[PDB]
Colleague: 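Mind looking over this structure? Questions follow.
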Amino acid sequence: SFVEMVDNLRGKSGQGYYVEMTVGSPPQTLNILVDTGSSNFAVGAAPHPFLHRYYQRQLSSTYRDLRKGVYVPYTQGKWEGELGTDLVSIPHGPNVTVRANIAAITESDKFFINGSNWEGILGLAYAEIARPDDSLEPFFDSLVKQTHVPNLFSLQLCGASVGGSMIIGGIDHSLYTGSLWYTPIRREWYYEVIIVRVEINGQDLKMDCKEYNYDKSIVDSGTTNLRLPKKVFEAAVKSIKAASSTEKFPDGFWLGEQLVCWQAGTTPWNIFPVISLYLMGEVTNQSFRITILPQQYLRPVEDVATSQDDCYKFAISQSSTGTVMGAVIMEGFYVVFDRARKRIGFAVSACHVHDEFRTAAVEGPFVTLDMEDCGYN
Ligand SMILES: COCc1cc2cc(c1)C(=O)N[C@H]([C@H](O)CNCc1cccc(C(C)C)c1)C[C@H](C)CCCCCCCN2
């Protein structure tokens, strides 16, 4: 019965993907951002200049106050509010209703986005990183406990405004081609994985593989960019510069600030390299790779000028909290969060990115010795 959930995600480029939900009795309809990088379910519950609507606890006969406060600080943005429970449904999801924890947002800073069309957030990661602590049961844990929905979901994020699918409870085989390749979830907090090798246009960056996972690597649909530890980021930017030195860009382009433009239809894709991330596999000494095209890490942005060119922002940036495989990496793959078997699956998406001579791919098997050493402690 998964066809009912195909295409249930919408979004604006650089502003996240959201699904429609209802909370309360009688149902109140809200758009909720889907975030595999956190674990709290929270919604606007007070007026805000950027909110079109919000949760009104006073109007719900099933609302229960938990009489405890809550705040969540993300990398970018933060909010505080009040904890409670209520009944929740997903119209274009399974046909069930769950009593879930809800953080009613009363104040926020740089969290809601002007004109975004979503009003809350659905954190799909594990209780270990929930606020105020791991005793606040996350929504997906409540769903699995209270219904017969299987303990897995899958995300098909389609690039550029944008759309996609969240398949809740299973895998829809019409959304990908080829084989699924699985990597272990290293620890159930973030969706943490282990990167064992990095190549750019087929050349090994030849770093200690611990650098790739210093201090962690996560799969995070709530972050736009590919974010890399300082040492890795500097190595990657240096290589992407050399491959594209045919042209020249402001150095503020490489920092993600200034955009670059070319005359419509003449973007020189062939001078930007492909990036291959190798992930730990399911059997001894085995890995697989996913390959990212420049059409994924050069994010298109509307030209703020009168000329209608093609303009892009560089969507790889530096991190001090580990690798973040963001939406720019997830787009063009079908990603299976197989919580029951503690693994994450990748396959070429049906809505894949089109280059002229190159193809995004998921390929294996590869042999990689000492993969266990690549994890940071
Ligand atoms: C270049 O980077 C800057 C950057 C860009 C972006 C997001 C974030 C940071 C961001 O912060 N996105 C966090 C994710 O949850 C982060 N997930 C990992 C994480 C990091 C710190 C603390 C936690 C806790 C709460 C578990 C979790 C979720 C966001 C508020 C969701 C609202 C905005 C969505 C559109 C913007 C996407 N673009």
Side-chain angles (χ1 to χ4, degrees), residues 36-37 75 125 129 181-243 254 256 272-294 296-297 314-333 335 337 342-346 360-377:
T36 66
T75 290
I129 61 178
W181 288 88
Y182 287 93
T183 194
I185 296 176
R186 180 192 190 197
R187 176 182 154 202
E188 291 150 323
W189 58 328
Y190 298 97
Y191 288 103
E192 186 192 354
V193 301
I194 294 180
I195 299 168
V196 301
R197 180 182 301 161
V198 181
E199 284 175 346
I200 300 188
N201 264 2
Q203 191 127 156
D204 194 329
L205 278 191
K206 298 188 85 66
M207 303 184 54
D208 190 325
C209 60
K210 272 186 170 73
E211 303 291 351
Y212 304 143
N213 312 291
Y214 171 67
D215 57 349
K216 64 185 171 299
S217 294
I218 72 176
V219 185
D220 186 359
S221 68
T223 297
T224 287
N225 283 5
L226 171 64
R227 308 187 64 234
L228 297 171
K230 180 206 184 73
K231 277 163 172 172
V232 179
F233 175 80
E234 282 157 5
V237 171
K238 177 173 172 190
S239 178
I240 302 171
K241 273 179 184 166
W254 301 109
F272 293 96
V274 301
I275 304 170
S276 290
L277 309 176
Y278 294 68
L279 298 173
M280 173 184 291
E282 295 186 282
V283 311
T284 302
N285 288 337
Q286 170 265 320
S287 63
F288 65 94
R289 70 188 189 198
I290 70 179
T291 300
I292 307 302
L293 296 183
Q296 284 168 263
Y297 64 78
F314 189 54
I316 308 173
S317 48
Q318 185 180 331
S319 172
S320 61
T321 58
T323 300
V324 183
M325 289 168 74
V328 125
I329 295 296
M330 295 178 65
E331 289 168 10
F333 303 111
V335 185
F337 293 80
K342 304 193 182 178
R343 61 184 193 166
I344 295 174
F346 291 82
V362 188
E363 296 168 321
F366 291 78
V367 54
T368 305
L369 304 179
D370 304 301
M371 281 178 316
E372 298 73 12
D373 290 326
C374 299
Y376 179 79
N377 295 307

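If you read the sequence from its start, that first residue is 1, and numbering goes on from there.
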Colleague: Just so I know, are the side chains of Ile129 and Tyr190 near enough to count as touching, which here means a heavy-atom distance under 4.5 Å?
Modeller: yes
Colleague: Answer yes or no: is there a donor N or O on one side and an acceptor on the other, between the side chain of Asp204 and the main chain of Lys206, under 3.5 Å?
Modeller: yes
Colleague: For the residue pair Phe288 and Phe346, categorise the inter-ring angle as parallel (less than 30°), tilted (30 to 60°) or perpendicular (more than 60°).
Modeller: tilted
Colleague: Are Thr36 and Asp220 linked by a side-chain donor-acceptor pair shorter than 3.5 Å?
Modeller: no
Colleague: Taking atom NZ as the centre, does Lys231 end up with more than 12 heavy-atom neighbours from other residues, nucleotides or ligands that are less than 6.0 angstrom away?
Modeller: no
Colleague: Minimum heavy-atom separation for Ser221 to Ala327, with atom names?
Modeller: O-CB, 4.4 Å
Colleague: Whether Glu234 and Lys230 form a salt bridge (side-chain N of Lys/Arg under 4.0 Å from carboxylate O of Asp/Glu) is what I want to check.
Modeller: yes
Colleague: With a 4.5 Å cut-off on side-chain heavy atoms, are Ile218 and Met325 touching?
Modeller: no
Colleague: Donor-acceptor pair, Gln203 side chain versus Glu199 backbone, under 3.5 Å?
Modeller: no
Colleague: Counting only N and O atoms by type, is there a donor-acceptor contact under 3.5 Å from the side chain of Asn201 to the main-chain atoms of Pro273?
Modeller: no
Colleague: Do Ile316 and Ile275 come close enough that some side-chain heavy atom pair is under 4.5 Å?
Modeller: yes
Colleague: Is any side-chain heavy atom of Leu205 closer than 4.5 Å to a side-chain heavy atom of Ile200?
Modeller: yes
Colleague: Donor-acceptor pair, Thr183 side chain versus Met280 backbone, under 3.5 Å?
Modeller: yes
Colleague: When you measure from the side chain of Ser217 to the backbone N and O of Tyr212, does any donor-acceptor pair fall under 3.5 Å?
Modeller: yes
Colleague: Just by distance, do the side chain of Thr323 and the backbone of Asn213 share a donor-acceptor pair under 3.5 Å?
Modeller: no
Colleague: Output yes when a side-chain donor or acceptor of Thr368 lies under 3.5 Å from a complementary backbone atom of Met371, and no otherwise.
Modeller: no
Colleague: Please check this pair: side chain of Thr223 against backbone of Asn225, looking for a donor-acceptor N/O pair closer than 3.5 Å.
Modeller: no
Colleague: Quick check: do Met330 and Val219 have side-chain heavy atoms less than 4.5 Å from each other?
Modeller: yes
Colleague: To the closest 0.5 Å, what do you measure between OH (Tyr214) and OG (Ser320)?
Modeller: 9.0 Å
Colleague: Are the side chain of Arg289 and the backbone N or O of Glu363 linked by a donor-acceptor pair below 3.5 Å?
Modeller: no
Colleague: For the side chain of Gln296 and the backbone of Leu293, is there at least one donor-acceptor N/O pair under 3.5 Å apart?
Modeller: yes
Colleague: Could you check whether any side-chain heavy atom of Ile292 comes within less than 4.5 Å of a side-chain heavy atom of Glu331, counting everything from C-beta outward?
Modeller: no
Colleague: Provide the closest heavy-atom pair for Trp181 versus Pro365 in the form atom of the first, atom of the second, distance.
Modeller: CH2-N, 3.5 Å
Colleague: Heavy atoms only: give me the nearest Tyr297-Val328 pair and the separation to one decimal.
Modeller: CA-CG1, 4.3 Å
Colleague: Under a 4.0 Å N-O cut-off, is there an ion pair linking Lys216 with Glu192?
Modeller: no
Colleague: Could you check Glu211 against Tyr376 for side chain to side chain donor-acceptor pair (under 3.5 Å), going step by step and ending with a plain yes or no?
Modeller: CA-CA 8 Å; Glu211 303 291 351; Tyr376 179 79; over 6 Å; no
Colleague: Is there a side-chain contact between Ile290 and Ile329 in this structure, where contact means two heavy atoms from C-beta onward sitting under 4.5 Å apart?
Modeller: yes
